[PDB]
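Chain A is the first sequence line, chain B the second, and so forth, proteins listed ahead of strands; every chain is numbered from 1. Below, each value reflects all heavy atoms present in this structure, side chains not excepted, and no hydrogens, waters or symmetry copies.
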Amino acid sequence: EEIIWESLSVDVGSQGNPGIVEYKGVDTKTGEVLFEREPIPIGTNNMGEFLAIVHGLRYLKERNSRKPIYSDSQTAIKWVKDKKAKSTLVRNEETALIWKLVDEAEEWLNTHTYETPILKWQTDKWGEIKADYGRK
RNA sequence: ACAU
DNA sequence: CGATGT
Ligand SMILES: [K+]
Ligand SMILES: [Mn+2]
Ligand SMILES: [Mn+2]
Ligand SMILES: [Mn+2]
Ligand SMILES: [Mn+2]
Ligand SMILES: [Mn+2]
């Protein structure tokens, strides 16, 4: 209903799907960019959406912040809840990097706690999430 | 049918 | 038009 402006917004960006994947996190209120992941040669949109949330959790935890995280990805929000990224991406040499990062993100979830609310950004009501890359 |  | 997901 109401945007929680005191929040962190995260989003994937890509060149192809599967393709080059990156992600960033921004202050929902100001748009200030707070982190940006270096492009990963091959990944899926949903893997990046997932890594973005987990990085957000780790970022806020390190800084003792209780802000929620917004993501526009139904899939990634569920993967984080389940602590299991059920990606269909083949495991081969090409995809080894992204799969390592995803496996490690899952491992972090299974060994750490958080109270961070993970909220659905309501794109249909509010427009693009503020971490969007503007490529669509 | 919803979300990317 | 194609792909990734529940
Ligand atoms: K969107
Ligand atoms: Mn997104
Ligand atoms: Mn795994
Ligand atoms: Mn986007
Ligand atoms: Mn367009
Ligand atoms: Mn489009």
Side-chain angles (χ1 to χ4, degrees):
Chain A
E1 171 74 9
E2 197 90 344
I3 295 168
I4 296 161
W5 289 108
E6 193 178 313
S7 61
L8 173 65
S9 293
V10 300
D11 200 11
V12 74
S14 89
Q15 297 156 243
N17 186 35
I20 305 175
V21 167
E22 60 203 302
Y23 67 72
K24 60 181 159 178
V26 312
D27 190 311
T28 305
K29 180 165 37 178
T30 69
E32 180 188 1
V33 182
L34 303 177
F35 54 80
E36 270 188 307
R37 168 62 208 206
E38 169 183 304
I40 301 145
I42 298 292
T44 69
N45 63 325
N46 291 327
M47 290 168 125
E49 293 275 25
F50 171 79
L51 294 178
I53 293 174
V54 182
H55 190 79
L57 292 171
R58 298 180 71 166
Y59 176 90
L60 295 172
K61 187 176 185 76
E62 170 73 14
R63 283 164 192 65
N64 297 317
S65 179
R66 288 172 54 77
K67 292 171 177 179
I69 297 173
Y70 278 114
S71 164
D72 59 34
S73 175
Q74 185 182 115
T75 293
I77 294 174
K78 187 180 179 295
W79 286 359
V80 171
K81 182 182 188 171
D82 297 343
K83 302 186 172 195
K84 170 64 180 184
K86 257 173 58 186
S87 175
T88 72
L89 187 64
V90 61
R91 284 188 190 254
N92 64 25
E93 264 176 81
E94 260 48 83
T95 66
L97 177 50
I98 187 81
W99 265 118
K100 182 166 183 293
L101 296 170
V102 168
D103 285 341
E104 286 168 347
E106 296 171 323
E107 181 63 25
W108 189 90
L109 293 173
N110 282 315
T111 48
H112 297 77
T113 65
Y114 62 85
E115 305 189 10
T116 306
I118 301 174
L119 308 175
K120 181 66 173 72
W121 181 263
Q122 292 185 54
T123 309
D124 55 341
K125 303 183 177 75
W126 306 336
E128 295 297 324
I129 198 168
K130 271 215 179 153
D132 181 54
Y133 283 75
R135 299 156 175 184
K136 294 191 312 298

Evaluation steps, salt bridge (charged side-chain N to carboxylate O under 4.0 Å, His left out), between A:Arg91 and A:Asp103: CA-CA 12 Å; A:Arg91 284 188 190 254; A:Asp103 285 341; 2.9 Å; yes

Interface with RNA chain B, restricted to residues 43-57 of chain A and to heavy atoms under 4.0 Å: A:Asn45, A:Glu49

Proximity to RNA chain B (any heavy atom under 4.0 Å), residues of residues 115-134 of chain A only: A:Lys120, A:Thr123

Interface residues of residues 16-24 of chain A with DNA chain C (non-hydrogen, below 4.0 angstrom): A:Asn17, A:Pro18

Test log, rule side-chain contact (heavy atoms from CB on, under 4.5 Å), inputs A:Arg37 and A:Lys24: CA-CA 6 Å; A:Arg37 168 62 208 206; A:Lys24 60 181 159 178; over 6 Å; no

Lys/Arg N to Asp/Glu carboxylate O, A:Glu62 vs A:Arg58, below 4.0 Å: no

For A:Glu128, all residues meeting side chain to side chain donor-acceptor pair (under 3.5 Å), sequence neighbours excluded: A:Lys136

Residues A:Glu22 and A:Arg135 bridged, charged N to O under 4.0 Å: yes

Span of DNA chain C, from the first to the last nucleotide whose atoms fall under 4.0 Å of chain A heavy atoms: C:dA3 to C:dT6

Those residues of residues 71-91 of chain A lying under 4.0 Å from RNA chain B by at least one heavy atom: A:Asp72, A:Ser73, A:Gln74

Backbone of A:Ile77 reached by a side-chain donor or acceptor of A:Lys120 within 3.5 Å: no

Side-chain heavy atoms of A:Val26 within contact of A:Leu34, under 4.5 Å: no

A:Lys83, NZ: over 12 other non-hydrogen atoms inside 6.0 angstrom: yes

Exam field: side chain A:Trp108 to backbone A:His55, donor-acceptor pair closer than 3.5 Å: no

N/O donor-acceptor pair under 3.5 Å between A:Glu106 side chain and A:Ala85 backbone: yes

Criterion side-chain contact (heavy atoms from CB on, under 4.5 Å) on A:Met47 and A:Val12, from CA distance to verdict: CA-CA 9 Å; A:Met47 290 168 125; A:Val12 74; over 6 Å; no

Heavy-atom neighbours of A:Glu6 CD exceed 12 at 6.0 Å: no

Face-on cation placement of A:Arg63 at A:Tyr59 ring, 6.0 Å and 45° thresholds: yes

Within 6.0 angstrom of A:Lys86 NZ, more than 12 heavy atoms from elsewhere: no

Mutual orientation of the aromatic rings belonging to A:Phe35 and A:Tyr23 [parallel < 30°, tilted 30-60°, perpendicular > 60°]: perpendicular

